[PDB]
């Protein structure tokens, strides 16, 4: 089966706020930097993946420009990296330089932002959807007692309510930076607690933080990888109207969720 071994694939890469990984001004010179830009069809936003662990646009290779955190990611001549073991991408969407462990990061949301190689802290600024379909995915999130997650208290809290197909606030936009955004206000993100005394999960203004990165795992959890925790229904009681971040456990069903799109 030769389809077990695909030779290459050209795709896009989206991430923070649904912007795309883009070679600034389609410049081809070695060390020409990479930025967030609004997604389109241009060749400078087209990234070809190969078995050699290279990722390429404009015939040149995506790469970090320094061992230390904080320097730009760039395209450079692929012949420079012939002795390098290249890039690695986790299930979560963390794109990591295999050698240095630095990760593709966007230190601001704003278009034309320089992408840098930073230390992985599992922040939403560091999550990426490799794929041509860069749009947010609109859906309901269904958990304990077949109930839906709903944005409440003027989009500040979140908890389970009975699923109603019409209900506007039960819809969520799954962005390419692993954020889970309020559907009709996509500046707001689902957020683990910022107050140390609370485990309550809430809704806040999207900031690219660790609190705001969520991974829908195949085992049916919504994981916050940075905090090594998962979304849970407080006391397995939907009527408490509290969703909290907990250590993965198989005690109840409160940590199990389904995406319905």
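Numbering follows the first chain given and starts at 1. Note that the rigid core is defined as the largest set of C-alphas that superpose within 1.5 Å between two forms.
Here the rigid core sets the fit, and in 8 other deposited structures of this protein the C-alphas of 107-115 stray farther than those of the other stretch, out of 107-115 and 132-140. Annotation for 204-212 versus 65-73: the higher mean temperature factor (C-alpha) is found in 65-73. When the C-alpha B-factors of 82-90 and 142-150 are averaged, 82-90 comes out higher. Set against one another, the Cα B-factors of 224, 196, 221, 45 in the record reach their highest point at 196. The PDB entry gives the largest Cα B-factor of the residues 11, 14, 253, 246 to 253.
Sort the modelled residues of the chain by CA B factor and residue 191 lands in the lowest third. Residue 229: CA B factor in the lowest third of modelled residues in this chain (values from the PDB entry). Among all modelled residues in its chain, residue 181 ranks in the lowest third by Cα B-factor. For residue 119, the recorded CA temperature factor ranks within the highest third of the chain's modelled residues. For residue 235, the recorded CA temperature factor ranks within the middle third of the chain's modelled residues.
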